[PDB]
Amino acid sequence: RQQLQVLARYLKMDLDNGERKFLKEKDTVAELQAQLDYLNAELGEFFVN
Amino acid sequence: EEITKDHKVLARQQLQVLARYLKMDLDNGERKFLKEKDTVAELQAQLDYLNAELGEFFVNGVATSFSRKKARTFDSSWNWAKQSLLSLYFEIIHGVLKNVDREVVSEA
Amino acid sequence: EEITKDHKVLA
Amino acid sequence: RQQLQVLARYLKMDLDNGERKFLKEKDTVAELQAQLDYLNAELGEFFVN
């Protein structure tokens with residue numbers, strides 16, 4: 001693991017970049033889903049469907 | 001920069017060998033990001049459909065505004081009676097109200 | 001000598 | 001083994017070159033020996049010796 005980290009640092013490579021982007025998109029999914037559940041609680045399942 | 005490119009290639013190969021030994025998936029984060037991006041795309045498509053359907057005004061205006069903590073109670077009429085009495089008293093003394101007009105009758 | 005410096009740092 | 005192979009590829013080193021040359025020379029030994037055994041079966045051990 002330490003040797004891999006050394007090589008990544010030499011290569012200027014961000015092993016955590018994909019995970020960070022995933023967490024950002026997961027927050028975006030959460031907030032868009034919150035908007036959708038609010039619209040569903042407002043109009044209703046029957047209306048939205 | 002052929003030599004530096006060759007070294008970068010060598011370092012990438014050694015890194016991939018070490019990741020393979022460690023059973024580390026370098027592309028796992030990118031895979032999860034791409035799946036989550038597709039999920040964002042489809043949820044956003046649903047939201048734009050609902051927005052094109054109900055409209056910007058309807059969707060914005062159905063926003064919740066009520067909360068129990070935000071309610072304001074007023075019951076201190078016992079205090080406001082004396083306040084109004086003093087206001088009327090001082091107004092009459094100072095000459096704001098020279099006559100018993102309908103506003104003075106309403107305050108009474 | 002930036003490249004050789006980078007190699008020395010890596011080593 | 002994987003690290004050694006990576007280093008050999010970087011060095012443009014052919015680890016199998018010696019083995020390939022050995023197999024070629026072994027085939028050459030086989031065919032020359034086939035010629036010699038034919039000549040021996042033909043003229044005979046006594047004549048050749």
Side-chain angles (χ1 to χ4, degrees), chain A, chain B residues 3-4 6-70:
Chain A
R1 199 51 199 63
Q2 267 144 45
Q3 316 232 62
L4 197 156
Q5 213 39 69
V6 166
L7 284 159
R9 284 193 326 261
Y10 167 71
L11 290 160
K12 292 157 167 48
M13 146 180 309
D14 188 1
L15 304 181
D16 293 325
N17 173 253
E19 243 304 344
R20 291 185 227 131
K21 290 194 295 183
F22 162 62
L23 299 175
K24 274 190 10 173
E25 284 300 348
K26 197 174 185 64
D27 291 331
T28 305
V29 165
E31 73 109 28
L32 293 172
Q33 186 64 69
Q35 278 174 34
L36 273 164
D37 321 322
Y38 185 80
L39 263 300
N40 275 266
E42 263 308 305
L43 295 167
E45 190 183 3
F46 200 97
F47 191 100
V48 169
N49 279 355
Chain B
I3 60 186
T4 166
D6 258 26
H7 196 10
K8 254 63 175 60
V9 163
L10 167 58
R12 260 292 325 179
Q13 271 149 234
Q14 317 228 72
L15 195 156
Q16 201 30 48
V17 165
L18 282 161
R20 179 201 334 310
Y21 163 68
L22 289 165
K23 294 155 167 50
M24 164 169 339
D25 190 358
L26 304 180
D27 291 326
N28 172 253
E30 247 298 2
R31 272 201 273 308
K32 291 194 294 184
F33 162 63
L34 293 161
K35 288 182 29 54
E36 220 59 24
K37 196 174 185 64
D38 291 332
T39 306
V40 164
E42 74 104 29
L43 292 173
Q44 185 64 69
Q46 273 162 66
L47 272 165
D48 322 321
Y49 180 81
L50 282 175
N51 270 266
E53 188 64 39
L54 285 316
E56 274 41 77
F57 201 97
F58 191 98
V59 170
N60 289 5
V62 291
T64 203
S65 178
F66 171 80
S67 44
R68 299 193 171 186
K69 278 174 160 358
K70 213 157 281 185

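Proteins come first, then strands; the chains are lettered A, B, ... in the order of their sequence lines, and each starts at number 1.
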Highest number of heavy-atom pairs under 4.5 Å with chain A: which of [options]?
| options | value |
| --- | --- |
| B:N28, B:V17, B:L34, B:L54 | B:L54 |
| B:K37, B:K32, B:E30 | B:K32 |
| B:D27, B:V59, B:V40, B:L22 | B:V40 |

Item to complete: Indicate yes or no: at least one non-hydrogen side-chain atom of B:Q46 is less than 4.5 angstrom from one of A:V48.
Response: no

Using 0.5 Å steps for rounding, measure from the [atom1] atom of [X] to the [atom2] atom of [Y].
| X | Y | atom1 | atom2 | value |
| --- | --- | --- | --- | --- |
| A:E25 | B:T39 | CD | OG1 | 9.0 Å |
| A:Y10 | B:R12 | OH | CZ | 13.5 Å |
| A:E42 | B:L50 | CD | CG | 12.0 Å |

Item to complete: Return yes when atom CD of A:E31 has more than 12 non-hydrogen atoms of other residues, nucleotides or ligands closer than 6.0 Å, and no otherwise.
Response: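 It does: A:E31 CD has more than 12 such atoms within range.
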
Item to complete: Tell me, for A:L15 versus chain B, whether the close heavy atoms (under 4.5 Å) come from the side chain, the backbone, both or neither.
Response: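 Only the side chain of A:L15 comes within 4.5 Å of chain B.
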
